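Next up: just one chain, as structure tokens, the form deposited in one PDB entry.
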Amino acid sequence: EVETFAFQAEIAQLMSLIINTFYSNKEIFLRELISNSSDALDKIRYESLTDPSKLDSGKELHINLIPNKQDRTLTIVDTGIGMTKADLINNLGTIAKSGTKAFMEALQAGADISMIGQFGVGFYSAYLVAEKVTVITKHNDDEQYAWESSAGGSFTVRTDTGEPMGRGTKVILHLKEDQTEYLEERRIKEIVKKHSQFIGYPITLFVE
């Protein structure tokens, strides 16, 4: 059972801007996704301070970066709070309509695409390097779901019968053919050191 949804006009506009605008500094996508993972980990950490049972679904708070050259995918896994089905459908827990408006207003006032995260829609920077994005998520209060979009104005949501993940979010980037540098260990290390060196959770870069 796959459900197909249309993106709200503003998000479709945001995604088309990210995909079609000439902008060479694409590496910021990884900073933005690690930042989202850090935010999700902060949320489960805070909830666990008053209710330790929230961590029954996994006590480890971390971020894993997994490149796969054969599948041409870069996966970002975290053990954060995860998202309910409602949150996934409602623009992956973001204020994407107002955020997109504020980001568009900023771009007109001199901002550049790298400032996207300041407007709460950093997730969509994944489309700087990915032709398709799959998001697998599990929140303590709901089932495991898979969201997917190749942009083009729609996304799908389905129950995930894949590997159970306990709690958190997995962002699978199906990279564009000319963006395979983001599968190279030295390139990923360089970006993490440049943009995410002080993130408060362990970031483990897997090897193949």
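All residue numbers refer to positions in the sequence shown, first residue = 1. C-alpha atoms forming the largest set that superposes within 1.5 Å between two forms make up the rigid core.
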So which stretch wins on mean C-alpha B-factor, 142-150 or 156-164?
156-164
Going by the average Cα B-factor in the PDB entry, point out whether 46-54 or 61-69 comes out higher.
46-54
Entry record, C-alpha B-factors for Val121, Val129, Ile113, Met83; the maximum is at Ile113
Taking the values exactly as deposited, rank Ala9 by C-alpha B-factor within its chain and report the matching third: lowest, middle or highest.
highest
Hey, what third does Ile18 fall into on Cα B-factor, ranked over its chain?
middle
For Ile136, the third of its chain by CA B-factor is the lowest
When the modelled residues of the chain are sorted by Cα temperature factor, does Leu74 land in the lowest, middle or highest third?
lowest
Compare the C-alpha B factor of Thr94 with those of the other modelled residues in its chain, then answer lowest, middle or highest third.
middle
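The protein also exists as the form deposited in another entry; that form is not presented, and the subsequent description refers to it.
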Would you say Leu92 moves its Cα by 2 Å or more between this form and the one not shown, aligning on the core?
yes
Look at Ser16 and decide if its Cα position differs by 2 Å or more between this form and the one not shown after superposing on the rigid core.
no
Please say whether, between this form and the one not shown, the C-alpha of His195 moves by 2 Å or more once the core is aligned.
yes
Specify closer or farther for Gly93 and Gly152: how their Cα atoms are spaced in the other form versus the shown form, given a shift of 3 angstroms or more.
closer
Using the form shown as baseline, tell whether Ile76 and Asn91 are closer or farther in Cα-Cα distance in the other form, where the change reaches 3 Å or more.
farther
